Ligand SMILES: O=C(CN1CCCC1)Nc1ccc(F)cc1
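A single chain comes next, written as structure tokens; it is the form solved without the named molecule.
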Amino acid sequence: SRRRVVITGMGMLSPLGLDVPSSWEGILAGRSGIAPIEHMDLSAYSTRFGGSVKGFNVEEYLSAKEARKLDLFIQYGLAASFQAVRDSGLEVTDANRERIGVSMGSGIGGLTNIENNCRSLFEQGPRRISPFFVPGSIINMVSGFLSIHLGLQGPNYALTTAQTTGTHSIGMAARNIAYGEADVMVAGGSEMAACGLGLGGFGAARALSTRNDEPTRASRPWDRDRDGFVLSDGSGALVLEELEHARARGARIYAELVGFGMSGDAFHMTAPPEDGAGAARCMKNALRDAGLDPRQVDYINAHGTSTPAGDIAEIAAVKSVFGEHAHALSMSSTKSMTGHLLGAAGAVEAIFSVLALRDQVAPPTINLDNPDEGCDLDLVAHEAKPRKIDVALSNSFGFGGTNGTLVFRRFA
């Protein structure tokens, strides 16, 4: 047997806003957070734009001195985590601190810090490298710093599954609670890969949109004129909680997390199979885990990265899994607005999936001006669609053919 898991707290930094409600207001208005990247010379680069977090004040969370020790991706993950825990109303005590853990991940981790410490090393030598270089750059330090700050003594770990990180982080945290290893987990992901290395690295692979002239139109999932993904920064964190634990303290419950699927494509290092066999296996695994028929799914938050092969693989996967229900569900890519937060994508998209349930509205896929060949599903083109949503899926597909699917259900 298995315990039930609900969402009692959410937190976010995104290109749309410095918290959940501002981000979500942008999402339902079809607003783009994409813009040319500032305070950075990108002349030599084929991509000059992305989704930056705008106006982030780390001193709302940390002293300047503790903030100086940490890469931006860690600052962003801590901000989302602190928001989520505050939003949950949870009181940590000696009676429960061993039952409260953290799993906040990242796909790429501390590139900005690595870049700045490379500058020191090359020019001046190793004696200029910061003493906090390692602990301030390693991916497990969101989980680490959060546990130390809040006194959390439960399971403490971090996933790194590239663009699947946030989805796997939340799913494996839900398993920890379901199987009695924890009663509460803070789970999600964070990313800040807008350094030369991030834009240069994805740029060297020709993976990014190069629509420098119209950055807000660059992320156009399933549109025939798409030319790759848009790199974005930020963080998402959820408070996952055992149902009886949440009820006993009178928690506000957003939604129930009923299913989690994982699969490997075993296909290609960076490309998904054109038929989306791996994504179909992963969604079937998640629905089986939830004890739900494909027909019960109402809303899918796609991975929908705006890459040629990825977007078409997801259409094929949804048609394969859902058959005669494939057109009845609504599927949208919020990456059309936020761009691709890499390891944080799954985290912010799980939050948008939960709010789709709260508000009974499918967020839009903006920029979907000319659907590509066979992209004929309800992709919620251009504008939000109020509709019935009892069951919402959130899919992530990443490098190494790593797949994750979360299934959320309305709670009443």
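Residue numbers here begin at 1 and follow the sequence given.
Not pictured, yet referred to below: the form solved in complex with the named molecule.
The candidate stretches are 24-32, 54-62, 372-380, 346-354, and the one lying within 4.5 Å of the named molecule in the deposited bound form by heavy atoms is 54-62. A residue is said to contact a partner when one of its heavy atoms sits within 4.5 Å of a partner heavy atom; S143 fails this definition for the named molecule in the deposited bound form, lying far away. Using a 4.5 Å cutoff between non-hydrogen atoms, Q75 does not count as a contact of the named molecule in the deposited bound form. The closest non-hydrogen atom of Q83 lies within 4.5 Å of the named molecule in the deposited bound form. Shown here without the named molecule, the chain has no residue in 329-365 lying with a heavy atom within 4.5 Å of that partner in the deposited bound form.
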